[PDB]
Amino acid sequence: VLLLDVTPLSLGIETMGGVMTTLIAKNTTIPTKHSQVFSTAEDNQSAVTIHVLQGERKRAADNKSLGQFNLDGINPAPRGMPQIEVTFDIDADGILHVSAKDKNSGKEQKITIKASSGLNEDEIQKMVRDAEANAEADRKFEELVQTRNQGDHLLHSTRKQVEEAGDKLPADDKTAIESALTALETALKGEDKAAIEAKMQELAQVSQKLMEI
Amino acid sequence: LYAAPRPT
């Protein structure tokens, strides 16, 4: 064949930290479908939002929003336990169907996005040029977000351990840990990955007794 | 990793 229909930009959803995660790649032939299971980042999250995006940039905020919906009623469970399957399906007429279904509860929600939605030819070209001009920056953004999300987890899991060690943790250890958590919490708000990693390292160095238990 | 945003 010498011509065919494709979807002209990547399609996906916003994930933790403001990132666009791709479910269908740019220039994929239509019709097409793809699913991916996602979970929750923190304990006891019972409601989630699926924000649908078109584009090639790593910051969700720089892509074209196509719509959104929420999924409610998920049993409050530990971080990473919910299994929420997200399915993008584009039919032969360019209509995009997005669904999310929580496997434990069977709760489901969906949206239909019409084929004329999203960016036009000129904005499509501009998007691809902008993503190429910002490729290094977007890579660095994705690496910062991966570090931030790790560091966020380390703060939470450390505070939980401090709480449950209680008395068994010497005062001087708890003082050192408390001060390292503060520093890490500060570094996470900035945009220097190595500063965050350095603060994780300083926290591990004062945490050894806390992980003896 | 495939995690949704935290609650608003």
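Rule-based calculations on the coordinates, nothing more; no lab input. Using ideal geometry, Cβ is built from the backbone for each residue, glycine included, and neighbour counts are taken over all protein chains shown.
Key figures
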| read-out | value |
| --- | --- |
| Ranked A:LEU144, A:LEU2, A:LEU210, criterion: other C-beta atoms within 10 Å, fewest first | A:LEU2, A:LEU144, A:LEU210 |
| Karplus (6.51, -1.76, 1.60) ³J(HN,Hα), θ = phi - 60°, over the range A:121-134, in Hz, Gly and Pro reported as x | 3, 4, 6, 4, 5, 5, 4, 4, 4, 6, 5, 6, 6, 10 |
| Simple label model, 7 Å out from Cα along Cβ direction - A:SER46 to A:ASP172, nm | 4.6 |
| 5 angstrom amide H check on A:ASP5, placed H, neighbours 5+ away | A:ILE30 |
| Rotationally averaged projected area of the range A:1-93 (alpha carbon convex hull; nm²) | 6.5 |
| Overall dimensions of the protein assembly as shown as given by Cα atoms, namely Rg and Dmax in Å | 20.8, 73 |
| Cα-based radius of gyration of the range A:136-213 once divided by 2.2 N^0.38 Å, which approximates compact folds | 1.17 |
| Helix-only CD estimate at 222 nm, as mean residue ellipticity for chain A, using -39500 (n - 2.57) per DSSP H run (n ≥ 4) | -12000 deg cm²/dmol |
| Estimated Rh, the range A:57-112: Kirkwood, alpha-carbon pairs, angstrom | 13.1 |
| Amide H contacts of A:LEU66 (H built 1.01 Å from N, under 5 Å, at least 5 apart or other chain) | A:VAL52, A:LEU53, A:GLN54 |
| Alpha-carbon centroid distance for the pair the range A:76-95 / the range A:153-171, whole angstrom | 35 |
